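Sequential numbering from 111 applies to the sequence shown in the working numbering.
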Amino acid sequence: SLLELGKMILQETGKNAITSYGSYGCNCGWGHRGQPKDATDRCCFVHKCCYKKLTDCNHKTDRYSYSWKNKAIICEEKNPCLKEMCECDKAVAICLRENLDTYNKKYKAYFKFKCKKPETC
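Here is the structure:
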C-alpha cells in the first residue's frame, strides 16, 4: 500500500513521499502522466509501468510485509501479487535515492505545468 511505499521512501531518500514526490514532474505526482522531466521523474515512470500491470491486487490500499533490515529493503511477502507490489515499491525507493543528486524543487509543484506526450512502458 501507499503506507509501505511512503515508509520505504523515507528510509532510502530521507524525504516525505507526499510533499517531495506527490506532485513532482510528469510521473511522480499522483495521476501524473507524461515524458519524464529528469532522472527522478523517470524512476516514477518505471514504477507506474511496474505496478499498473498487476491485476490481482491494489497498489494503493493492499498492505504487504517487508523489513528495513541492515539498512536495506527486504520484501518478505507470500502473496505473489503483493510480493510484486513490494518489489515495484522497493525499486522506486532505491531509484529515487540514487538520483537525489539531480532532484530539482522546480518540478516539486508541477501539477499545473504542461507535459509532453508519454512514451511507452
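For every residue, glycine included, the Cβ atom is placed at its ideal position computed from N, Cα and C.
Excluding sequence positions up to five away, which residues of its chain have a Cβ less than 6 Å from the Cβ of residue i?
i	result
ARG173	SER111
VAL202	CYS153, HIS157
So, helix, strand or coil for residue i, using DSSP?
i	result
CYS160	helix
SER177	strand
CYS196	helix
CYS153	helix
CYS138	coil
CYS205	helix
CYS167	coil
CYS185	strand
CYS191	helix
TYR220	coil
Using CA atoms only, rank isn't needed, just tell me which of the options is closest to residue i.
i	options	result
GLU229	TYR131, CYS136, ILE184, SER175	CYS136
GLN121	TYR220, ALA149, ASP199	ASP199
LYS188	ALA182, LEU113, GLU197	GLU197
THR123	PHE223, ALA219, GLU186, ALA182	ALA182
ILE204	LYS227, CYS167, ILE184, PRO146	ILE184
Once the 5 residues before and after residue i are set aside, which same chain residues still bring their CB inside 7 Å of it?
i	result
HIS169	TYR161, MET195
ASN209	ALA149, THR150, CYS153
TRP178	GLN121
For the putative contact between residue i and residue j, defined by C-beta atoms under 8 Å, what is the C-beta separation to the nearest angstrom?
i	j	result
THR150	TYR176	No, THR150 and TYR176 are not in contact; Cβ-Cβ is about 22 Å, not under 8 Å.
residue 101	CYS225	For the chain, the structure presents residues 111 to 231; residue 101 sits outside this window and is missing.
Spatial neighbours of residue i within its chain, please: C-beta separation below 8 Å, excluding the five flanking residues on both sides.
i	result
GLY132	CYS138, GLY139, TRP140
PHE221	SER133, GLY139, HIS142
Q. Just checking, does the region 211 to 226 make contact with the region 176 to 193 on the three C-beta pairs under 8 Å criterion?
A. Segments in contact, no.
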